[PDB]
Structure formats: C-alpha cells, structure tokens
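Quick heads-up: the structure tokens below are two forms of one chain, split into structure 1 and structure 2.
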Structure 1
C-alpha cells in the first residue's frame, strides 16, 4: 500500500528535526528553528534493497513538537513505528522516553511486560554523541544500552550534525535500514 507512518518523539531540543532531516536528505539541518506543531518529512526507502524483492516505500516521519496536553493523541493514530529520541547530554530527556512511549502505546510509569508484548517497532536514538567527553562516553553508553533493553528496541547513538552519522554503508545506516524494513514488514508482509 506504500504508506508508512513513523512517529519521531522526544523532549524539545533533543535534535528531532535535525535527525529527521538527516534521515530524509542525508544532509545536516544547518538552520534549525523551534518546531511548531507537527512537522512531517518523507524518506524514500528501498525495502529489501539489492534483492529481487526490492520495492520503494514512502516512509513518513512525523516530528511531533509537544512535551510530556492530551490533544496530541490524535497524531498517534495508525502508527507503524516509533523513533524515540533522547539527548545524550541530558539524562532527563532519556528518562522522559518512558512517558513518550507510553503516551502512544496507551492511546510516570514503566511496565516491562507492556514492552515485551508491544508489536510496534521501536528505535531509540541518542543524539549529541559528539558532545560526550570520552571519559564519560563509556558510562553513558552503558546507561543507554539498558534503556534500549527496557523498550525491547534497537539503539543508535550519533551526531545529527555530522553527515557521516548516517552515510551509506555505515553501521548506523545499516541499522536504520533494518529498522525501516521491520516497520514495513510488520504493517504488510506480516
């Protein structure tokens, strides 16, 4: 049906618009401004690229600009995947992903079984990796791995302002493509 909706959720200022621009254009968002309301960009995605079953899909990235009233629940309809974005320099943004994710999966809590049972693909992306001093890099990656595990989610950590963070063939780009393939599969080829 070619239609795919992926929410991009996280606290204000964590880098959602910068990430989406990188995912959709392989270019850094040079002039980021405060996102008002819901911004949508489209990633033209080759499903199963390189295979005889290769098929192009338009993946909508819905960049919701709210904070954890309940009027943004209307944006959470018909969701096929969720990207949960946190700022690695800002532990509070990481904590709030427990609220961001529940806000969709229900429409200050953590229920491990709710995430064992959830079928909507989840991807946890930590931004501003470049700002993490290497002495503390190890500690933040351990914390972030446990975060991905709580959500039963793949994790990617990157610098949204570095085009090599998502350059073709890179480890990040492969994980991103795998996530988008899973979104498409669970909506259609299930």
Structure 2
C-alpha cells in the first residue's frame, strides 16, 4: 500500500547548523547529495496501524544558502518546512523567521541541533527558550544530536513528533 502523492519538505537554516547531518539522520542515509543540492527519502507510514495506512516517500531537500544567497528555484511545490537552528548559536534561531519568508497554511517543524554540546546546567534555559521559539511558528519542537542515530529512534518521543508533523503535511496538502 504505497502512495504516489508527492510530499516535498524543505530543510532550511543557517550554514553549519547541521542540515545535511539531519537529513542523513532522518532518512537513514538514503540520501543523494552534492555541493549544490541534497535530497533524502524519509519513508513514512501515514496513519499507521489503521486500515487507512499508506506508505509515503517524503522528499527532504537541503539546498543551503543564506538569508544573501537565494536558492528560490528549489522552493517550488513545497508542502512542509523544517526550520533548523544550532542550540549553541542563538543567532541561528533569530534567522528562522527570515528563512520562513523565503517560501499561512504550510506546516512547520522547529529542530534544534547539537543538544549534546549543551551542559546539563545551561540546558534548562536553552530549552525554555526553544519552546517559546517553536510557539512563534505554531510548530512543535525537536531538540537532538544529529550524529546520534538513537536521536530519532522508532517509538521515541522525537519520532512521534516527527511522525505527527509528516501526518499534518500530508493532510494539509
């Protein structure tokens, strides 16, 4: 039971926040990438566990740039946006609003990277602030280490949140 409906998700964020690493994580390295563009396939079971279950082959696109470098020719037919910020760089979170303007009804997900580089002391403060940040985009938030494959393991809280986001992208479209 495989769906042929297109689902295109853009991965946006400042240079170096972890976008390519995140695409590799979320797609289990089913990724084709080069200096210009990176696309991954994230296989997603929509409404899993019901007679309505269908498998979707979601595209995750990472084309880089900066909010001067514009890649708008890659922003066509987008159904959802993952906004990526580096939890050790507060400036990368301030730029998510501008990134979102490069492309309302399009669902958004906010993902913070490099959680492993935040000490248990300063962690509570960063996470309170990222909850507020996600609220600004009417979005759920996931904070993780992109280099740890357990970060989005099947059945984890993070995976449930990502799955909820993909379900919404499919429904809105």
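Numbering follows the first chain given and starts at 1. Just so we're on the same page, rigid core means the largest C-alpha set that superposes within 1.5 Å between forms. Shifts are known only where both forms have a C-alpha.
Margin query: If I superpose the two forms on their rigid core, does the C-alpha of residue 28 end up displaced by 2 Å or more between structures 1 and 2?
Written below: Residue 28: C-alpha displaced by 2 Å or more between structures 1 and 2.
Check: Cα shift of residue 74 between structures 1 and 2 after core superposition, in Å?
Finding: Residue 74 is displaced by 2.2 Å at its C-alpha.
Check: What runs of three or more residues stand out between structures 1 and 2, with each Cα shifted 2 Å or more once the rigid core is matched?
Finding: Runs with every C-alpha shifted by at least 2 Å: 26 to 39, 69 to 71.
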